[PDB]
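One file, query.txt, carrying compact mmCIF, C-alpha atoms:
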# COMPACT_ATOMS: atom_id res chain seq x y z
CA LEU I 292 -56.02 -30.30 -46.92
CA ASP I 293 -59.61 -30.13 -48.17
CA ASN I 294 -60.11 -26.67 -46.69
CA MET I 295 -57.09 -25.52 -48.69
CA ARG I 296 -58.71 -26.75 -51.91
CA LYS I 297 -61.94 -24.82 -51.40
CA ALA I 298 -59.92 -21.60 -51.26
CA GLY I 299 -58.26 -22.38 -54.60
CA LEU I 300 -54.77 -23.47 -53.53
CA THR I 301 -54.06 -26.45 -55.79
CA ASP I 302 -50.26 -26.73 -55.73
CA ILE I 303 -49.45 -26.07 -52.05
CA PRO I 304 -51.70 -29.06 -51.03
CA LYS I 305 -49.69 -31.17 -53.49
CA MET I 306 -46.41 -30.75 -51.61
CA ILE I 307 -47.91 -31.77 -48.25
CA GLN I 308 -49.65 -34.58 -50.14
CA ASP I 309 -46.38 -35.90 -51.58
CA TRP I 310 -44.43 -35.51 -48.33
CA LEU I 311 -46.81 -37.64 -46.23
CA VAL I 312 -45.87 -40.80 -48.15
CA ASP I 313 -42.37 -40.75 -46.62
CA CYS I 314 -42.60 -38.72 -43.36
CA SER I 315 -38.88 -37.98 -43.47
CA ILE I 316 -36.66 -35.33 -41.91
CA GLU I 317 -34.59 -34.98 -45.10
CA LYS I 318 -37.57 -33.37 -46.90
CA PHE I 319 -38.94 -31.40 -43.92
CA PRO I 320 -37.44 -27.97 -44.90
CA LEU I 321 -39.98 -28.05 -47.73
CA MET I 322 -42.73 -28.23 -45.09
CA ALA I 323 -41.27 -25.32 -43.13
CA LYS I 324 -40.86 -23.35 -46.36
CA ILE I 325 -44.64 -23.28 -46.81
CA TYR I 326 -45.17 -22.28 -43.18
CA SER I 327 -42.66 -19.43 -43.48
CA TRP I 328 -43.96 -18.14 -46.83
CA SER I 329 -47.54 -17.88 -45.52
CA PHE I 330 -46.76 -14.94 -43.23
CA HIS I 331 -45.77 -12.71 -46.17
CA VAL I 332 -49.38 -12.31 -47.32
CA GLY I 333 -49.91 -9.24 -45.15
CA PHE I 334 -51.49 -7.90 -41.97
CA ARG I 335 -55.20 -8.12 -41.17
CA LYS I 336 -56.00 -4.55 -40.17
CA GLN I 337 -59.67 -4.24 -39.21
CA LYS I 338 -61.98 -2.00 -37.24
CA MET I 339 -61.54 -2.21 -33.49
CA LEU I 340 -65.10 -3.38 -32.80
CA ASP I 341 -65.00 -5.93 -35.62
CA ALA I 342 -61.80 -7.57 -34.33
CA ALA I 343 -62.73 -7.50 -30.63
CA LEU I 344 -66.19 -9.04 -30.99
CA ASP I 345 -65.37 -12.75 -30.80
CA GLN I 346 -62.99 -12.01 -27.92
CA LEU I 347 -65.33 -9.95 -25.72
CA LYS I 348 -68.49 -12.05 -26.24
CA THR I 349 -68.26 -15.29 -24.26
CA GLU I 350 -70.72 -17.66 -22.60
CA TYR I 351 -70.16 -17.93 -18.85
CA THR I 352 -72.15 -20.69 -17.17
CA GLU I 353 -72.68 -22.04 -13.66
CA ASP I 354 -72.73 -25.68 -14.86
CA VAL I 355 -69.01 -26.13 -14.17
CA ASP I 356 -67.92 -28.40 -11.34
CA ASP I 357 -67.17 -26.31 -8.26
CA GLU I 358 -65.04 -29.11 -6.78
CA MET I 359 -62.38 -28.36 -9.41
CA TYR I 360 -62.31 -24.60 -8.79
CA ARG I 361 -61.45 -24.91 -5.09
CA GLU I 362 -58.18 -26.66 -5.92
CA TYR I 363 -57.48 -24.14 -8.67
CA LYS E 100 -73.15 -9.43 -19.47
CA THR E 101 -73.42 -11.94 -16.65
CA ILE E 102 -70.44 -13.18 -14.63
CA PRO E 103 -70.90 -16.14 -12.25
CA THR E 104 -70.00 -15.49 -8.64
CA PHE E 105 -67.42 -17.51 -6.73
CA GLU E 106 -67.19 -17.27 -2.94
CA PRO E 107 -64.12 -19.13 -1.64
CA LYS E 108 -64.23 -20.55 1.87
CA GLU E 109 -61.97 -18.21 3.85
CA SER E 110 -61.69 -16.94 7.41
CA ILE E 111 -60.08 -13.93 9.10
CA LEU E 112 -56.72 -14.69 10.72
CA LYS E 113 -55.11 -12.41 13.28
CA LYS E 114 -51.61 -12.19 14.67
CA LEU E 115 -50.89 -12.75 18.34
CA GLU E 116 -50.17 -9.03 18.80
CA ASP E 117 -53.87 -8.09 18.47
CA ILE E 118 -56.23 -10.55 20.14
CA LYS E 119 -58.45 -8.47 22.39
CA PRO E 120 -59.59 -9.97 25.71
CA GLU E 121 -63.27 -10.75 25.98
CA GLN E 122 -65.79 -8.42 27.59
CA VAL E 123 -66.60 -8.89 31.26
CA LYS E 124 -70.05 -10.47 31.49
CA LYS E 125 -72.47 -8.80 33.89
CA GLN E 126 -76.24 -9.18 34.07
CA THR E 127 -78.96 -6.55 34.24
CA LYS E 128 -82.04 -8.63 35.11
CA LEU E 129 -82.73 -11.82 37.04
CA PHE E 130 -82.86 -15.14 35.21
CA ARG E 131 -86.59 -15.85 35.00
CA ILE E 132 -88.08 -19.00 33.48
CA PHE E 133 -91.43 -18.98 35.33
CA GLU E 134 -94.04 -16.24 35.74
CA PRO E 135 -97.35 -16.11 37.62
CA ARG E 136 -100.70 -16.02 35.87
CA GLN E 137 -104.29 -15.48 36.99
CA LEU E 138 -106.54 -18.46 36.21
CA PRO E 139 -110.19 -18.97 37.21
CA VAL E 140 -111.07 -21.65 39.73
CA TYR E 141 -113.91 -24.19 39.82
CA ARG E 142 -115.45 -25.93 42.80
CA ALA E 143 -116.12 -29.64 43.33
CA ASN E 144 -119.48 -29.80 41.54
CA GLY E 145 -118.14 -28.30 38.31
CA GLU E 146 -119.50 -24.79 38.80
CA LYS E 147 -117.45 -21.60 38.76
CA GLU E 148 -116.58 -19.82 42.00

As a first step, turn the structure in this file into structure tokens.
Amino acid sequence: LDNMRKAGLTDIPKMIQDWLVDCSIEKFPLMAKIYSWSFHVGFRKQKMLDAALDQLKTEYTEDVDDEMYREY
Amino acid sequence: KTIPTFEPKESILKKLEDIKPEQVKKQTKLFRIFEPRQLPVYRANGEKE
């Protein structure tokens, strides 16, 4: 809720703030309203290299335990 | 990039239909464990004959 206030959202982190005092199922469709409305922002279309850079660049090490990979 | 290897402990299993009989052992030279050798000889005083 403090990452959502750096971005500028000041009235969506007030509904989650005022729901956490009760933690009730009778006000939970307000919390799924905010989760459903967030997908209508739009798609994140990028370049193919720029969106497959964090996926294809990983750190493989040999400091795993090999006793766990024999059972796997 | 690097990829760490992983060799699993495996063997080669065969069916009973193909287990070949072993080769017949025959030998081509005698079993030698000793050989002669030419050494010099010394007499009773200590000199060389």

With only C-alpha atoms considered, list every residue of chain I at most 7 Å from chain E, as a list in words.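 Per the criterion, chain I yields residues 351, 352 and 353 of chain I.
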
Residues near residue 319 in chain I, anyone? I mean within 12 Å using all atoms listed in the file, not counting same-chain ones fewer than 6 positions away, as JSON, numbers by chain. {"I": [306, 307, 309, 310, 311, 313, 325, 326]}

re CA of residue 295 in chain I and CA of residue 346 in chain I: distance 25.5 Å

Quick one: pull the distance between CA of residue 292 in chain I and CA of residue 317 in chain I, Å, one decimal. 22.0 Å

Near-residue 148 in chain E list (12 Å; only C-alpha atoms; drop same-chain fewer than 6 positions) as a PyMOL selection string: chain E and resi 138-142

CA of residue 327 in chain I to CA of residue 340 in chain I, straight-line distance in Å: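 Separation between CA of residue 340 in chain I and CA of residue 327 in chain I: 29.6 Å.
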
Could range 124-146 of chain E be completed with N, CA and C atoms and returned as a PDB file, in the coordinates of the input?
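part-v9.pdb was written with the following content:
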ATOM      1  N   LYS E 124     -68.613 -10.228  31.502  1.00  0.00           N
ATOM      2  CA  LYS E 124     -70.050 -10.470  31.490  1.00  0.00           C
ATOM      3  C   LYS E 124     -70.663 -10.052  32.813  1.00  0.00           C
ATOM      4  N   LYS E 125     -71.639  -9.153  32.752  1.00  0.00           N
ATOM      5  CA  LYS E 125     -72.470  -8.800  33.890  1.00  0.00           C
ATOM      6  C   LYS E 125     -73.921  -8.826  33.444  1.00  0.00           C
ATOM      7  N   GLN E 126     -74.826  -9.051  34.390  1.00  0.00           N
ATOM      8  CA  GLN E 126     -76.240  -9.180  34.070  1.00  0.00           C
ATOM      9  C   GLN E 126     -77.014  -7.975  34.581  1.00  0.00           C
ATOM     10  N   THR E 127     -78.131  -7.690  33.912  1.00  0.00           N
ATOM     11  CA  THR E 127     -78.960  -6.550  34.240  1.00  0.00           C
ATOM     12  C   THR E 127     -80.364  -6.915  34.701  1.00  0.00           C
ATOM     13  N   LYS E 128     -80.772  -8.172  34.568  1.00  0.00           N
ATOM     14  CA  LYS E 128     -82.040  -8.630  35.110  1.00  0.00           C
ATOM     15  C   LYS E 128     -81.869 -10.057  35.610  1.00  0.00           C
ATOM     16  N   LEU E 129     -82.787 -10.477  36.475  1.00  0.00           N
ATOM     17  CA  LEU E 129     -82.730 -11.820  37.040  1.00  0.00           C
ATOM     18  C   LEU E 129     -83.078 -12.848  35.969  1.00  0.00           C
ATOM     19  N   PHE E 130     -82.576 -14.064  36.151  1.00  0.00           N
ATOM     20  CA  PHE E 130     -82.860 -15.140  35.210  1.00  0.00           C
ATOM     21  C   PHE E 130     -84.212 -15.737  35.550  1.00  0.00           C
ATOM     22  N   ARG E 131     -85.225 -15.400  34.762  1.00  0.00           N
ATOM     23  CA  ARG E 131     -86.590 -15.850  35.000  1.00  0.00           C
ATOM     24  C   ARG E 131     -86.989 -16.877  33.945  1.00  0.00           C
ATOM     25  N   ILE E 132     -87.623 -17.958  34.392  1.00  0.00           N
ATOM     26  CA  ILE E 132     -88.080 -19.000  33.480  1.00  0.00           C
ATOM     27  C   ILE E 132     -89.535 -19.337  33.802  1.00  0.00           C
ATOM     28  N   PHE E 133     -90.045 -18.799  34.908  1.00  0.00           N
ATOM     29  CA  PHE E 133     -91.430 -18.980  35.330  1.00  0.00           C
ATOM     30  C   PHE E 133     -92.035 -17.632  35.678  1.00  0.00           C
ATOM     31  N   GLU E 134     -93.313 -17.445  35.357  1.00  0.00           N
ATOM     32  CA  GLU E 134     -94.040 -16.240  35.740  1.00  0.00           C
ATOM     33  C   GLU E 134     -95.397 -16.636  36.292  1.00  0.00           C
ATOM     34  N   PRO E 135     -95.990 -15.819  37.157  1.00  0.00           N
ATOM     35  CA  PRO E 135     -97.350 -16.110  37.620  1.00  0.00           C
ATOM     36  C   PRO E 135     -98.388 -15.726  36.577  1.00  0.00           C
ATOM     37  N   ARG E 136     -99.596 -16.241  36.786  1.00  0.00           N
ATOM     38  CA  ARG E 136    -100.700 -16.020  35.870  1.00  0.00           C
ATOM     39  C   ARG E 136    -101.998 -16.226  36.632  1.00  0.00           C
ATOM     40  N   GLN E 137    -103.010 -15.434  36.306  1.00  0.00           N
ATOM     41  CA  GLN E 137    -104.290 -15.480  36.990  1.00  0.00           C
ATOM     42  C   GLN E 137    -105.248 -16.366  36.206  1.00  0.00           C
ATOM     43  N   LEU E 138    -105.615 -17.499  36.786  1.00  0.00           N
ATOM     44  CA  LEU E 138    -106.540 -18.460  36.210  1.00  0.00           C
ATOM     45  C   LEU E 138    -107.812 -18.537  37.041  1.00  0.00           C
ATOM     46  N   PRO E 139    -108.966 -18.776  36.423  1.00  0.00           N
ATOM     47  CA  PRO E 139    -110.190 -18.970  37.210  1.00  0.00           C
ATOM     48  C   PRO E 139    -110.175 -20.325  37.896  1.00  0.00           C
ATOM     49  N   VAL E 140    -111.039 -20.461  38.895  1.00  0.00           N
ATOM     50  CA  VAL E 140    -111.070 -21.650  39.730  1.00  0.00           C
ATOM     51  C   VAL E 140    -112.497 -22.186  39.752  1.00  0.00           C
ATOM     52  N   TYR E 141    -112.620 -23.509  39.827  1.00  0.00           N
ATOM     53  CA  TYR E 141    -113.910 -24.190  39.820  1.00  0.00           C
ATOM     54  C   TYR E 141    -114.031 -25.069  41.047  1.00  0.00           C
ATOM     55  N   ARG E 142    -115.244 -25.182  41.576  1.00  0.00           N
ATOM     56  CA  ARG E 142    -115.450 -25.930  42.800  1.00  0.00           C
ATOM     57  C   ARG E 142    -115.676 -27.407  42.474  1.00  0.00           C
ATOM     58  N   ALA E 143    -116.098 -28.188  43.471  1.00  0.00           N
ATOM     59  CA  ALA E 143    -116.120 -29.640  43.330  1.00  0.00           C
ATOM     60  C   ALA E 143    -117.264 -30.132  42.452  1.00  0.00           C
ATOM     61  N   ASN E 144    -118.360 -29.377  42.370  1.00  0.00           N
ATOM     62  CA  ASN E 144    -119.480 -29.800  41.540  1.00  0.00           C
ATOM     63  C   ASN E 144    -119.170 -29.627  40.055  1.00  0.00           C
ATOM     64  N   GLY E 145    -118.406 -28.603  39.702  1.00  0.00           N
ATOM     65  CA  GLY E 145    -118.140 -28.300  38.310  1.00  0.00           C
ATOM     66  C   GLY E 145    -118.455 -26.847  38.019  1.00  0.00           C
ATOM     67  N   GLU E 146    -119.111 -26.184  38.967  1.00  0.00           N
ATOM     68  CA  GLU E 146    -119.500 -24.790  38.800  1.00  0.00           C
ATOM     69  C   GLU E 146    -118.285 -23.879  38.950  1.00  0.00           C
TER      70      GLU E 146
END
